[PDB]
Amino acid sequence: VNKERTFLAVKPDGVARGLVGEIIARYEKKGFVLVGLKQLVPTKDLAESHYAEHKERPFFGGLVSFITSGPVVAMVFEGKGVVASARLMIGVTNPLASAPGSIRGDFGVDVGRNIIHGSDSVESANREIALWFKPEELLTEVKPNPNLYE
């Protein structure tokens, strides 16, 4: 189904570096539809719930602090296999090991300052989208370019 959605979030460093439009453009060019978009300064309760799976890890504390250190541009894109395509486009955890052409591969140098977040699966996508967006904030009537899908 082409009604698959994922959660993307340009982090404080990506926003502070003027990468918001560049990132949105990459997804628009690919053919994914922006189902939701907004800028906010994450709160602790949200950063913590968002990174729940790492609550046990050492870095968790630093993850929750930086994400709430400034504005974030949260967004939702819809399309066929968007969760895996979104991540392929982002690159890998370490921006230095990310191939040229990917977001992190082109603009990132540190793992702590890795510009953007992308859901790693449909299960997490759905959880994260419900965490950052209210239903009233997501488009229902989507309908994509007919030159994209058969």
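Start at 1 with the first residue shown and count on from there.
Look at the mean CA B-factor for 29-37 and for 113-121 in the entry; the higher one is 113-121. Comparing 98-106 with 57-65, the higher mean C-alpha B-factor in the PDB entry belongs to 57-65. Out of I129, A9, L19, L138, the entry records its largest CA B-factor for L138. When all modelled residues of the chain are sorted by CA temperature factor, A86 is found within the lowest third.
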